[PDB]
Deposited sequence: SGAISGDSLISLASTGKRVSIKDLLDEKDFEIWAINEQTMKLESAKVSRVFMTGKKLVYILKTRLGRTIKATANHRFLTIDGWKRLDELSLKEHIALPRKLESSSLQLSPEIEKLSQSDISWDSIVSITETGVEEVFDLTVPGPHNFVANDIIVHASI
């Protein structure tokens, strides 16, 4: 149920390349990087499908390291105490970023509403999350 800006760069596990999620709309069955929540280790995982969900108000989330992403109020990020909607995060939270133990829990330094844009998501069977703009984000539903 979330969605992120089409500008967001998706990390491709088999290569180390990044291509915007907008540019991946007509693509499927490629691997992305997901965190396995039970083990807290990153693992390659297949993307079932990519899709746009329409135009939605988006918000810039920025971490102390400088990682940033634009996303809907309801898109979820991985917090020390679980998945939380962007609109539920506060500056006291830390969120999961891929490090290369497998992850860094970085402080949020900014959350600001920016504007409406075309927004996208993807489905990832099993772990249900992926790395975009070098930040761990939840996938479809």
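- No C-alpha positions are given in the record for the deposited-sequence stretch 101-117, the only such gap.
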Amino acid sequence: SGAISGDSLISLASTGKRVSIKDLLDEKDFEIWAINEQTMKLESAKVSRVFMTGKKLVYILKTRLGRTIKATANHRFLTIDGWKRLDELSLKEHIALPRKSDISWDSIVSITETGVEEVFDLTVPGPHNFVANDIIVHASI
From here on, numbers count along this sequence of modelled residues.
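- Per the PDB record, of the two stretches 103-111 and 47-55, 47-55 carries the greater mean B-factor over its C-alpha atoms.
- Note on 128-136 vs 15-23: mean CA B-factor is higher in 15-23.
- The maximum CA B-factor among the listed residues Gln38, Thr79, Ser90, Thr68, taken from the PDB record, is found at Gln38.
- Annotation for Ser8: C-alpha temperature factor in the lowest third relative to the rest of the modelled chain, per the entry.
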